[PDB]
$ cat input.cif   # mmCIF, C-alpha atoms and all ligand atoms
data_data
loop_
_atom_site.label_atom_id
_atom_site.label_comp_id
_atom_site.auth_asym_id
_atom_site.auth_seq_id
_atom_site.Cartn_x
_atom_site.Cartn_y
_atom_site.Cartn_z
CA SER A 1 11.45 3.38 22.90
CA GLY A 2 9.49 4.41 19.81
CA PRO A 3 7.87 2.06 17.30
CA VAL A 4 9.39 -1.37 16.74
CA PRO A 5 10.90 -1.68 13.23
CA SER A 6 9.37 -3.88 10.53
CA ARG A 7 10.55 -5.61 7.36
CA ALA A 8 8.69 -7.02 4.37
CA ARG A 9 8.21 -10.81 4.56
CA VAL A 10 8.94 -11.30 0.84
CA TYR A 11 10.93 -9.33 -1.75
CA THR A 12 12.68 -7.58 1.14
CA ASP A 13 16.02 -6.87 -0.52
CA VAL A 14 14.97 -6.80 -4.18
CA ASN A 15 16.15 -3.20 -4.61
CA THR A 16 19.36 -3.71 -2.61
CA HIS A 17 20.40 -6.42 -5.07
CA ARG A 18 19.77 -4.21 -8.09
CA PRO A 19 22.12 -1.47 -9.31
CA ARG A 20 21.59 1.93 -7.74
CA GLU A 21 20.26 3.39 -11.01
CA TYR A 22 17.27 1.03 -10.81
CA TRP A 23 15.69 2.73 -7.79
CA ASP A 24 17.56 6.06 -7.37
CA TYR A 25 14.98 8.00 -9.36
CA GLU A 26 16.31 11.39 -8.22
CA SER A 27 19.56 10.65 -10.04
CA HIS A 28 17.81 9.44 -13.18
CA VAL A 29 17.86 11.93 -16.06
CA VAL A 30 14.51 11.90 -17.85
CA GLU A 31 14.81 11.75 -21.65
CA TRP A 32 11.77 13.66 -22.88
CA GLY A 33 10.10 12.85 -26.18
CA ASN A 34 8.52 15.17 -28.73
CA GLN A 35 5.00 16.31 -27.89
CA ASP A 36 4.47 17.16 -31.58
CA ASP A 37 4.34 13.39 -32.21
CA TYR A 38 0.93 13.24 -30.47
CA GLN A 39 -2.39 14.88 -31.24
CA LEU A 40 -5.25 14.64 -28.77
CA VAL A 41 -8.47 13.16 -30.10
CA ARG A 42 -10.88 13.33 -27.19
CA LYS A 43 -11.26 13.24 -23.41
CA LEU A 44 -11.50 9.96 -21.51
CA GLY A 45 -11.64 11.19 -17.90
CA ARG A 46 -9.78 12.99 -15.16
CA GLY A 47 -8.31 12.57 -11.70
CA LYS A 48 -6.95 14.64 -8.83
CA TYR A 49 -3.53 14.81 -10.54
CA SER A 50 -4.22 14.39 -14.26
CA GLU A 51 -6.50 14.73 -17.28
CA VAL A 52 -6.75 11.69 -19.58
CA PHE A 53 -7.13 11.81 -23.38
CA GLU A 54 -7.32 9.46 -26.31
CA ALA A 55 -4.58 10.48 -28.77
CA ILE A 56 -2.82 9.51 -31.98
CA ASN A 57 0.90 9.06 -32.53
CA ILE A 58 1.19 10.65 -35.95
CA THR A 59 4.67 9.27 -36.62
CA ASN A 60 3.21 5.73 -36.76
CA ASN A 61 -0.54 6.59 -36.68
CA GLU A 62 -0.95 4.41 -33.59
CA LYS A 63 -3.69 5.03 -31.03
CA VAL A 64 -2.38 5.98 -27.57
CA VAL A 65 -3.56 7.49 -24.29
CA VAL A 66 -2.11 10.72 -22.90
CA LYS A 67 -2.23 11.63 -19.21
CA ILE A 68 -1.51 15.35 -18.73
CA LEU A 69 -0.21 15.90 -15.20
CA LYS A 70 -1.19 18.66 -12.81
CA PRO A 71 1.65 20.60 -11.14
CA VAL A 72 3.62 18.41 -8.72
CA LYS A 73 7.23 18.40 -7.56
CA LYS A 74 9.85 17.27 -10.07
CA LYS A 75 10.87 14.54 -7.60
CA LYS A 76 7.45 12.89 -7.84
CA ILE A 77 7.40 13.10 -11.65
CA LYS A 78 10.81 11.41 -11.80
CA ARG A 79 9.63 8.73 -9.34
CA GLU A 80 6.50 7.90 -11.35
CA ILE A 81 8.43 7.81 -14.62
CA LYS A 82 11.16 5.54 -13.21
CA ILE A 83 8.59 3.14 -11.73
CA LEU A 84 6.60 2.96 -14.98
CA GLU A 85 9.77 2.36 -17.00
CA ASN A 86 10.88 -0.36 -14.58
CA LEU A 87 7.51 -2.18 -14.78
CA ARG A 88 7.11 -1.88 -18.55
CA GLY A 89 6.27 -5.29 -19.94
CA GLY A 90 4.96 -6.73 -16.66
CA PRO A 91 1.79 -8.83 -16.55
CA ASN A 92 -1.31 -6.61 -16.39
CA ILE A 93 0.71 -3.41 -15.90
CA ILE A 94 -0.06 -0.38 -18.04
CA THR A 95 2.64 0.29 -20.67
CA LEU A 96 4.37 3.67 -20.82
CA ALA A 97 5.26 4.55 -24.42
CA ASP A 98 6.65 8.09 -24.08
CA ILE A 99 7.02 11.17 -21.89
CA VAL A 100 6.55 14.67 -23.33
CA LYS A 101 6.40 18.31 -22.27
CA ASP A 102 4.22 20.98 -23.76
CA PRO A 103 6.42 23.23 -25.97
CA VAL A 104 5.06 26.41 -24.34
CA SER A 105 3.90 25.66 -20.79
CA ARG A 106 6.41 22.81 -20.20
CA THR A 107 3.56 20.85 -18.57
CA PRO A 108 4.55 17.16 -18.47
CA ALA A 109 2.43 14.38 -19.92
CA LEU A 110 2.76 10.59 -19.92
CA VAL A 111 1.90 8.63 -23.07
CA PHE A 112 0.64 5.03 -22.70
CA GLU A 113 -0.38 2.26 -25.05
CA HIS A 114 -4.13 2.15 -25.65
CA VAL A 115 -6.55 -0.03 -23.68
CA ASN A 116 -10.35 -0.10 -23.48
CA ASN A 117 -11.90 2.83 -21.56
CA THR A 118 -13.86 0.56 -19.21
CA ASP A 119 -13.32 1.09 -15.52
CA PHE A 120 -13.48 -1.90 -13.17
CA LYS A 121 -15.64 0.09 -10.75
CA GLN A 122 -18.33 0.21 -13.46
CA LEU A 123 -18.50 -3.61 -13.64
CA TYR A 124 -17.33 -5.17 -10.37
CA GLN A 125 -20.71 -4.97 -8.58
CA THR A 126 -22.42 -7.15 -11.23
CA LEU A 127 -19.86 -9.95 -11.62
CA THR A 128 -20.54 -13.66 -11.43
CA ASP A 129 -18.81 -15.56 -8.63
CA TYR A 130 -16.28 -17.00 -11.06
CA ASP A 131 -15.62 -13.60 -12.69
CA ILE A 132 -14.83 -12.11 -9.26
CA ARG A 133 -12.30 -14.89 -8.74
CA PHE A 134 -10.84 -14.48 -12.24
CA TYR A 135 -10.33 -10.72 -12.09
CA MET A 136 -9.00 -10.88 -8.52
CA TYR A 137 -6.39 -13.34 -9.79
CA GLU A 138 -5.41 -10.97 -12.63
CA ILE A 139 -5.00 -8.09 -10.15
CA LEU A 140 -2.82 -10.40 -8.04
CA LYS A 141 -0.58 -11.08 -11.05
CA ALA A 142 0.03 -7.35 -11.36
CA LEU A 143 0.69 -6.95 -7.62
CA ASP A 144 3.02 -9.93 -7.31
CA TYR A 145 4.95 -8.62 -10.32
CA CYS A 146 5.31 -5.06 -9.10
CA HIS A 147 6.21 -6.21 -5.55
CA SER A 148 8.77 -8.61 -7.03
CA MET A 149 10.26 -5.58 -8.84
CA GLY A 150 10.58 -3.77 -5.50
CA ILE A 151 7.58 -1.44 -5.95
CA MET A 152 4.52 -0.75 -3.74
CA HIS A 153 1.50 0.57 -5.66
CA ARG A 154 -0.10 2.28 -2.62
CA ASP A 155 -3.37 3.22 -4.36
CA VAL A 156 -5.12 -0.08 -5.08
CA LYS A 157 -8.88 0.46 -5.54
CA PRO A 158 -11.56 -0.35 -8.16
CA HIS A 159 -11.12 2.92 -10.03
CA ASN A 160 -7.44 2.15 -10.72
CA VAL A 161 -8.21 -1.12 -12.53
CA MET A 162 -9.18 -1.07 -16.22
CA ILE A 163 -11.03 -4.01 -17.78
CA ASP A 164 -11.37 -5.11 -21.40
CA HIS A 165 -14.16 -7.55 -20.58
CA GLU A 166 -14.64 -8.79 -24.16
CA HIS A 167 -11.02 -10.00 -24.13
CA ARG A 168 -11.04 -10.68 -20.36
CA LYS A 169 -7.98 -8.45 -19.97
CA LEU A 170 -7.09 -6.25 -17.03
CA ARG A 171 -4.62 -3.44 -16.30
CA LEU A 172 -3.49 -1.85 -13.05
CA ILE A 173 -3.17 1.92 -13.64
CA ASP A 174 -2.31 5.18 -11.79
CA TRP A 175 1.21 4.72 -10.46
CA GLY A 176 1.45 8.32 -9.19
CA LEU A 177 1.57 7.22 -5.54
CA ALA A 178 3.83 4.19 -6.05
CA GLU A 179 7.20 3.98 -4.26
CA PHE A 180 10.24 1.70 -4.09
CA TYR A 181 10.40 -0.52 -1.01
CA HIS A 182 13.65 -0.31 0.95
CA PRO A 183 13.97 -2.11 4.30
CA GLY A 184 14.03 0.33 7.22
CA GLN A 185 12.69 3.26 5.20
CA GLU A 186 9.82 5.24 6.73
CA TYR A 187 7.05 6.11 4.28
CA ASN A 188 4.37 8.77 4.00
CA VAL A 189 1.05 7.69 5.51
CA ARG A 190 -0.85 10.06 3.16
CA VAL A 191 -1.33 7.40 0.51
CA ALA A 192 -4.29 5.33 -0.77
CA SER A 193 -7.93 6.46 -0.82
CA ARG A 194 -9.70 6.49 2.54
CA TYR A 195 -11.84 3.38 2.11
CA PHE A 196 -8.75 1.35 1.06
CA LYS A 197 -6.23 2.62 3.62
CA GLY A 198 -4.69 -0.10 5.73
CA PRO A 199 -4.60 0.06 9.52
CA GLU A 200 -0.88 0.92 9.38
CA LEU A 201 -1.73 4.21 7.65
CA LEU A 202 -4.59 4.95 10.02
CA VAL A 203 -2.38 4.54 13.13
CA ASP A 204 0.51 6.47 11.47
CA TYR A 205 2.94 3.52 11.39
CA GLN A 206 5.43 4.54 8.72
CA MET A 207 7.63 1.45 8.29
CA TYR A 208 5.12 -0.36 6.08
CA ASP A 209 5.68 -2.46 2.93
CA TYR A 210 4.05 -4.26 -0.03
CA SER A 211 1.46 -5.75 2.32
CA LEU A 212 -0.35 -2.39 2.30
CA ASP A 213 -1.54 -3.30 -1.19
CA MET A 214 -2.91 -6.61 0.10
CA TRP A 215 -5.16 -4.84 2.58
CA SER A 216 -6.48 -2.64 -0.21
CA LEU A 217 -7.15 -5.75 -2.26
CA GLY A 218 -9.11 -7.30 0.60
CA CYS A 219 -11.29 -4.20 0.77
CA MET A 220 -12.06 -4.67 -2.91
CA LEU A 221 -12.82 -8.36 -2.43
CA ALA A 222 -15.23 -7.69 0.44
CA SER A 223 -17.02 -5.01 -1.56
CA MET A 224 -17.54 -7.44 -4.41
CA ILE A 225 -18.68 -10.51 -2.51
CA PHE A 226 -21.01 -8.64 -0.15
CA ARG A 227 -22.20 -6.03 -2.69
CA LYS A 228 -21.34 -3.18 -0.32
CA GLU A 229 -19.53 -0.22 -1.87
CA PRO A 230 -17.31 0.61 -0.06
CA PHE A 231 -17.08 -2.17 2.52
CA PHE A 232 -15.48 0.01 5.23
CA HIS A 233 -17.32 3.32 4.81
CA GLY A 234 -15.39 5.71 7.02
CA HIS A 235 -16.46 9.34 7.07
CA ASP A 236 -13.05 10.65 8.23
CA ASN A 237 -9.68 9.06 8.95
CA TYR A 238 -10.48 8.12 12.57
CA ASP A 239 -13.90 6.78 11.57
CA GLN A 240 -12.29 4.55 8.94
CA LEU A 241 -10.47 2.70 11.71
CA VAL A 242 -13.61 2.67 13.91
CA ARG A 243 -15.48 1.00 11.05
CA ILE A 244 -12.70 -1.57 10.59
CA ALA A 245 -12.70 -2.29 14.34
CA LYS A 246 -16.46 -2.80 14.36
CA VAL A 247 -15.79 -5.76 12.02
CA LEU A 248 -12.36 -7.13 13.04
CA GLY A 249 -12.81 -6.32 16.73
CA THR A 250 -10.64 -4.18 18.97
CA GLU A 251 -8.72 -7.05 20.62
CA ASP A 252 -6.53 -7.74 17.58
CA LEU A 253 -6.19 -3.99 16.94
CA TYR A 254 -4.73 -3.35 20.39
CA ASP A 255 -2.51 -6.43 20.03
CA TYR A 256 -1.23 -4.92 16.74
CA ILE A 257 -0.66 -1.52 18.37
CA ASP A 258 1.28 -3.22 21.19
CA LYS A 259 3.30 -5.49 18.88
CA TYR A 260 4.91 -2.54 17.09
CA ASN A 261 4.85 -0.28 20.18
CA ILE A 262 2.69 2.18 18.27
CA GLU A 263 1.81 5.26 20.34
CA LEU A 264 -1.82 6.01 19.60
CA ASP A 265 -3.32 9.34 20.48
CA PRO A 266 -4.75 9.29 24.05
CA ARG A 267 -8.42 9.81 23.15
CA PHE A 268 -8.20 8.01 19.84
CA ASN A 269 -7.98 5.09 22.28
CA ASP A 270 -11.21 6.27 23.91
CA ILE A 271 -12.83 6.68 20.49
CA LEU A 272 -12.01 3.10 19.53
CA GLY A 273 -13.58 1.70 22.71
CA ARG A 274 -14.24 -2.04 22.68
CA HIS A 275 -15.90 -4.02 19.88
CA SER A 276 -16.21 -7.76 19.38
CA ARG A 277 -15.11 -9.37 16.13
CA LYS A 278 -17.98 -10.09 13.74
CA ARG A 279 -18.05 -13.32 11.77
CA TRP A 280 -17.60 -12.61 8.06
CA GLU A 281 -20.76 -14.60 7.38
CA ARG A 282 -22.74 -11.82 9.07
CA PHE A 283 -22.53 -9.65 5.92
CA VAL A 284 -24.17 -12.19 3.60
CA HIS A 285 -27.73 -11.61 2.35
CA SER A 286 -30.08 -13.40 -0.04
CA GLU A 287 -28.80 -11.16 -2.85
CA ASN A 288 -25.07 -11.94 -2.50
CA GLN A 289 -25.59 -15.59 -1.50
CA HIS A 290 -24.15 -17.11 -4.69
CA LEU A 291 -20.96 -15.02 -4.26
CA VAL A 292 -19.94 -16.21 -0.77
CA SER A 293 -18.18 -19.56 -0.29
CA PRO A 294 -16.14 -21.02 2.57
CA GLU A 295 -12.98 -20.47 0.54
CA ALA A 296 -13.93 -16.83 -0.20
CA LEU A 297 -14.39 -16.09 3.50
CA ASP A 298 -11.17 -17.87 4.47
CA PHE A 299 -9.31 -15.92 1.75
CA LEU A 300 -10.83 -12.58 2.79
CA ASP A 301 -10.03 -13.31 6.45
CA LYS A 302 -6.39 -13.89 5.48
CA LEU A 303 -6.12 -10.55 3.64
CA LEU A 304 -7.91 -8.31 6.17
CA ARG A 305 -5.53 -8.69 9.12
CA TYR A 306 -4.42 -5.73 11.21
CA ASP A 307 -0.84 -6.99 11.41
CA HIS A 308 0.57 -6.23 7.96
CA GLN A 309 3.14 -9.01 8.45
CA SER A 310 0.32 -11.55 8.84
CA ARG A 311 -1.51 -10.83 5.56
CA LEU A 312 -1.06 -13.15 2.60
CA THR A 313 1.61 -12.20 0.12
CA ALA A 314 0.39 -11.87 -3.46
CA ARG A 315 1.86 -15.27 -4.34
CA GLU A 316 0.35 -16.88 -1.23
CA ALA A 317 -2.99 -15.36 -2.27
CA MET A 318 -2.66 -16.77 -5.81
CA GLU A 319 -2.14 -20.24 -4.33
CA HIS A 320 -5.25 -20.00 -2.10
CA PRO A 321 -8.08 -22.50 -2.80
CA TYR A 322 -10.36 -19.60 -3.75
CA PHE A 323 -8.50 -19.60 -7.09
CA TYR A 324 -8.02 -23.36 -7.52
CA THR A 325 -10.32 -23.77 -10.52
CA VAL A 326 -9.27 -20.32 -11.77
CA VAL A 327 -5.67 -21.50 -11.80
CA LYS A 328 -6.62 -24.67 -13.66
CA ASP A 329 -8.53 -22.64 -16.22
CA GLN A 330 -5.58 -20.31 -16.72
CA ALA A 331 -3.41 -23.27 -17.72
CA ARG A 332 -5.77 -24.26 -20.57
CA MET A 333 -6.25 -20.75 -22.02
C1 LIG A 401 -10.40 5.98 -15.68
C2 LIG A 401 -9.59 6.85 -16.65
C3 LIG A 401 -10.22 8.17 -17.05
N1 LIG A 401 -8.21 6.94 -16.19
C4 LIG A 401 -7.83 7.55 -15.05
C5 LIG A 401 -6.43 7.42 -14.93
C6 LIG A 401 -6.02 6.70 -16.07
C7 LIG A 401 -7.14 6.39 -16.86
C8 LIG A 401 -6.72 5.63 -18.05
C9 LIG A 401 -7.36 5.07 -19.18
BR1 LIG A 401 -9.25 5.32 -19.44
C10 LIG A 401 -6.62 4.39 -20.13
BR2 LIG A 401 -7.50 3.60 -21.63
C11 LIG A 401 -5.24 4.27 -19.99
BR3 LIG A 401 -4.21 3.30 -21.33
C12 LIG A 401 -4.61 4.82 -18.91
BR4 LIG A 401 -2.73 4.71 -18.76
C13 LIG A 401 -5.33 5.48 -17.95
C14 LIG A 401 -4.81 6.14 -16.71
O1 LIG A 401 -3.69 6.22 -16.31
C15 LIG A 401 -5.67 7.97 -13.75
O2 LIG A 401 -4.49 7.80 -13.70
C16 LIG A 401 -6.39 8.63 -12.65
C17 LIG A 401 -7.71 9.25 -13.07
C18 LIG A 401 -8.61 8.33 -13.91
#

$ encode --input "input.cif" --output "structure tokens"
Amino acid sequence: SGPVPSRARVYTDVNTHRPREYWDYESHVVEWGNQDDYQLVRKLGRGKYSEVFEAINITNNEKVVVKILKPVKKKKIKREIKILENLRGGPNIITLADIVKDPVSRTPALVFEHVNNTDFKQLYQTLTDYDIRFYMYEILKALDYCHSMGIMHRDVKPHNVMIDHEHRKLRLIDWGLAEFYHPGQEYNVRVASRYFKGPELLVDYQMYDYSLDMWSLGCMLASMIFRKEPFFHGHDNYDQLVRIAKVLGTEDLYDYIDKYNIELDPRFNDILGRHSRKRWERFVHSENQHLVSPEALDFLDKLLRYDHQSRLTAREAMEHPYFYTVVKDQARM
């Protein structure tokens, strides 16, 4: 009788307990700023849905960053703006300063407070063991905060983390795919980038939750501690799950599919075949030796679980021994 329903283990009713205006972004009326307050200085980069510029607010002569959006539905613009406004001030969350429209073309643009143009993906393959732990913990702070505010990021990956390494500061960016979690709601499976998609997306299970982000985080952790970019290198959507199964084994995949009564495609079953689980230790080499510890492998094993309900929450992750010294060093700084 169709897929079994699912609920988030933590922060389940966070949005129910808030006023409707908190999460009803379609009803929200956007109050647009003045684009004439901002002059673009130079280009910083670009994405599938935006172009990113360094800019100056000439009313206060403050440096800012402007993300000019490509054409998308008004609903999605309103969603991203509401989410960013709701998370403003959160630990390690980018800070929206303004929203403007071009006077002529009416093209919308988001204005953020400035941070260092250093992408985590440019640094995370050369980190010390302790730096991997430290920056993982800072990402977790962002994820626990946004989940506690009822929001799933849904595009966690190295490219969406910015690092100011001199100040050991970190920001989670690119909230264009983020959504509010509501229990019982079915969500689009066309989220996250292929190498970071959780099994729930790859089997088209729509009643997912914050734990999607925890899978993506595990994929980042594995890539860093084994120096394999990406760790699960699928060449199409079905191959992404084949590659996962060649590591986690097919037994726990079929148990997951049965648990939620997921109806897989007949010959997707044949494609998956049968694969034994590999021990995590099998991906360690002489080069990454100093980055792999018992606690790292236990932590990774507890993030990369097929059953989304079995993965560590962000707070459970932050209390894992892998961060023990990290936590003690955060109390003295
Ligand atoms: C990697 C860089 C070019 N970049 C990208 C994005 C964003 C940035 C970026 C930078 Br740099 C800075 Br500084 C700030 Br502040 C902010 Br906000 C952003 C931001 O949102 C995307 O959203 C997707 C495409 C790549």

$ closest_atom_pairs --input "input.cif" --of "stretch 104-186 of chain A" --to "stretch 23-41 of chain A" --cutoff "9 Å" --atoms "only C-alpha atoms" --output "JSON lines"
{"residue": "A:109", "atom": "CA", "partner": "A:35", "partner_atom": "CA", "distance": 8.6}
{"residue": "A:111", "atom": "CA", "partner": "A:38", "partner_atom": "CA", "distance": 8.8}
{"residue": "A:150", "atom": "CA", "partner": "A:23", "partner_atom": "CA", "distance": 8.6}
{"residue": "A:180", "atom": "CA", "partner": "A:23", "partner_atom": "CA", "distance": 6.7}

$ write_last_selection --input "input.cif" --atoms "C-alpha atoms" --output "PDB file, in the frame of the given file"
ATOM      1  CA  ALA A 109       2.430  14.380 -19.920  1.00  0.00           C
ATOM      2  CA  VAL A 111       1.900   8.630 -23.070  1.00  0.00           C
ATOM      3  CA  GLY A 150      10.580  -3.770  -5.500  1.00  0.00           C
ATOM      4  CA  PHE A 180      10.240   1.700  -4.090  1.00  0.00           C
TER       5      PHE A 180
END

$ residues_near_ligand --input "input.cif" --ligand "ligand LIG 401 (chain A)" --cutoff "10 Å" --atoms "only C-alpha atoms and all ligand atoms" --output "ChimeraX atom specification"
/A:43-54,63-69,93-97,110-121,158-164,171-176

$ closest_atom_pairs --input "input.cif" --of "stretch 115-229 of chain A" --to "stretch 273-285 of chain A" --cutoff "12 Å" --atoms "only C-alpha atoms" --output "CSV"
residue,atom,partner,partner_atom,distance
A:222,CA,A:283,CA,9.3
A:223,CA,A:283,CA,10.4
A:224,CA,A:284,CA,11.4
A:225,CA,A:284,CA,8.4
A:226,CA,A:284,CA,6.1
A:227,CA,A:284,CA,9.0
A:228,CA,A:283,CA,9.1

$ closest_residue --input "input.cif" --among "A:197, A:58, A:258, A:130" --to "residue A:293" --atoms "all atoms listed in the file"
A:130

$ atom_distance --input "input.cif" --atom1 "atom CA of residue A:260" --atom2 "atom CA of residue A:207"
10.0 Å

$ closest_residue --input "input.cif" --among "A:270, A:179, A:263, A:316" --to "residue A:4" --atoms "all atoms listed in the file"
A:263

$ axis_aligned_box --input "input.cif" --around "stretch 168-171 of chain A" --padding-each-side "8 Å" --output "AutoDock Vina command-line options"
--center_x -7.8 --center_y -7.1 --center_z -18.3 --size_x 22.4 --size_y 23.2 --size_z 20.1

$ atom_distance --input "input.cif" --atom1 "atom CA of residue A:139" --atom2 "atom CA of residue A:169"
10.3 Å

$ closest_residue --input "input.cif" --among "A:71, A:138, A:129, A:235" --to "residue A:105" --atoms "all atoms listed in the file"
A:71

$ residues_around --input "input.cif" --residues "residue A:190" --least-positions-apart "2" --cutoff "10 Å" --atoms "all atoms listed in the file" --output "number ranges by chain"
A: 154, 177, 187-188, 192-194, 197, 201-202, 204

$ closest_residue --input "input.cif" --among "A:147, A:182, A:165, A:18" --to "residue A:313" --atoms "only C-alpha atoms"
A:147

$ closest_residue --input "input.cif" --among "A:83, A:146, A:297, A:304" --to "residue A:322" --atoms "all atoms listed in the file"
A:297

$ atom_distance --input "input.cif" --atom1 "atom CA of residue A:229" --atom2 "atom CA of residue A:125"
8.3 Å

$ residues_around --input "input.cif" --residues "residue A:239" --least-positions-apart "3" --cutoff "12 Å" --atoms "all atoms listed in the file" --output "JSON, numbers by chain"
{"A": [194, 195, 197, 199, 202, 203, 232, 233, 234, 235, 236, 242, 243, 244, 245, 246, 268, 271, 272]}

$ closest_residue --input "input.cif" --among "A:2, A:249, A:19, A:108" --to "residue A:80" --atoms "only C-alpha atoms"
A:108

$ residues_around --input "input.cif" --residues "residue A:317" --least-positions-apart "2" --cutoff "12 Å" --atoms "only C-alpha atoms" --output "PyMOL selection string"
chain A and resi 133+136-141+143-144+211+214-215+217-218+295-296+298-303+311-315+319-324+327

$ residues_around --input "input.cif" --residues "stretch 8-14 of chain A" --least-positions-apart "3" --cutoff "7 Å" --atoms "only C-alpha atoms" --output "PyMOL selection string"
chain A and resi 17-18+147-150+183+209-210+309

$ build_atoms --input "input.cif" --residues "stretch 193-207 of chain A" --atoms "N, CA, C and O atoms" --output "mmCIF file, in the frame of the given file"
data_model
loop_
_atom_site.group_PDB
_atom_site.id
_atom_site.type_symbol
_atom_site.label_atom_id
_atom_site.label_comp_id
_atom_site.auth_asym_id
_atom_site.auth_seq_id
_atom_site.Cartn_x
_atom_site.Cartn_y
_atom_site.Cartn_z
ATOM 1 N N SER A 193 -6.678 5.749 -1.056
ATOM 2 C CA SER A 193 -7.930 6.460 -0.820
ATOM 3 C C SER A 193 -8.533 5.931 0.469
ATOM 4 O O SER A 193 -8.295 4.782 0.833
ATOM 5 N N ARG A 194 -9.319 6.774 1.152
ATOM 6 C CA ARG A 194 -9.700 6.490 2.540
ATOM 7 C C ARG A 194 -10.260 5.083 2.725
ATOM 8 O O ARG A 194 -9.860 4.358 3.642
ATOM 9 N N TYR A 195 -11.200 4.673 1.872
ATOM 10 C CA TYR A 195 -11.840 3.380 2.110
ATOM 11 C C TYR A 195 -10.885 2.203 1.960
ATOM 12 O O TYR A 195 -11.217 1.105 2.411
ATOM 13 N N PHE A 196 -9.716 2.405 1.341
ATOM 14 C CA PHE A 196 -8.750 1.350 1.060
ATOM 15 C C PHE A 196 -7.481 1.487 1.883
ATOM 16 O O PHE A 196 -6.563 0.676 1.723
ATOM 17 N N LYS A 197 -7.426 2.453 2.797
ATOM 18 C CA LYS A 197 -6.230 2.620 3.620
ATOM 19 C C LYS A 197 -6.119 1.487 4.628
ATOM 20 O O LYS A 197 -7.076 1.160 5.325
ATOM 21 N N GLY A 198 -4.917 0.936 4.758
ATOM 22 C CA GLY A 198 -4.690 -0.100 5.730
ATOM 23 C C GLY A 198 -4.551 0.470 7.133
ATOM 24 O O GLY A 198 -4.248 1.652 7.337
ATOM 25 N N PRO A 199 -4.745 -0.384 8.127
ATOM 26 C CA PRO A 199 -4.600 0.060 9.520
ATOM 27 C C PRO A 199 -3.254 0.726 9.799
ATOM 28 O O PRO A 199 -3.192 1.644 10.624
ATOM 29 N N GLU A 200 -2.180 0.298 9.135
ATOM 30 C CA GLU A 200 -0.880 0.920 9.380
ATOM 31 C C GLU A 200 -0.910 2.407 9.028
ATOM 32 O O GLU A 200 -0.338 3.230 9.749
ATOM 33 N N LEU A 201 -1.614 2.781 7.955
ATOM 34 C CA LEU A 201 -1.730 4.210 7.650
ATOM 35 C C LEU A 201 -2.574 4.921 8.703
ATOM 36 O O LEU A 201 -2.267 6.052 9.109
ATOM 37 N N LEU A 202 -3.636 4.274 9.158
ATOM 38 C CA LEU A 202 -4.590 4.950 10.020
ATOM 39 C C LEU A 202 -4.046 5.133 11.435
ATOM 40 O O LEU A 202 -4.527 6.017 12.148
ATOM 41 N N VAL A 203 -3.045 4.348 11.839
ATOM 42 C CA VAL A 203 -2.380 4.540 13.130
ATOM 43 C C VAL A 203 -1.028 5.234 12.978
ATOM 44 O O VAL A 203 -0.287 5.381 13.973
ATOM 45 N N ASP A 204 -0.695 5.681 11.760
ATOM 46 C CA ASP A 204 0.510 6.470 11.470
ATOM 47 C C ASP A 204 1.791 5.663 11.692
ATOM 48 O O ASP A 204 2.803 6.203 12.152
ATOM 49 N N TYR A 205 1.752 4.367 11.364
ATOM 50 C CA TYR A 205 2.940 3.520 11.390
ATOM 51 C C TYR A 205 3.632 3.593 10.029
ATOM 52 O O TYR A 205 3.100 3.108 9.028
ATOM 53 N N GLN A 206 4.830 4.169 9.995
ATOM 54 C CA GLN A 206 5.430 4.540 8.720
ATOM 55 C C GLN A 206 6.282 3.450 8.089
ATOM 56 O O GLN A 206 6.603 3.551 6.903
ATOM 57 N N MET A 207 6.703 2.439 8.845
ATOM 58 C CA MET A 207 7.630 1.450 8.290
ATOM 59 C C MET A 207 6.869 0.287 7.631
ATOM 60 O O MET A 207 7.084 -0.887 7.917
#
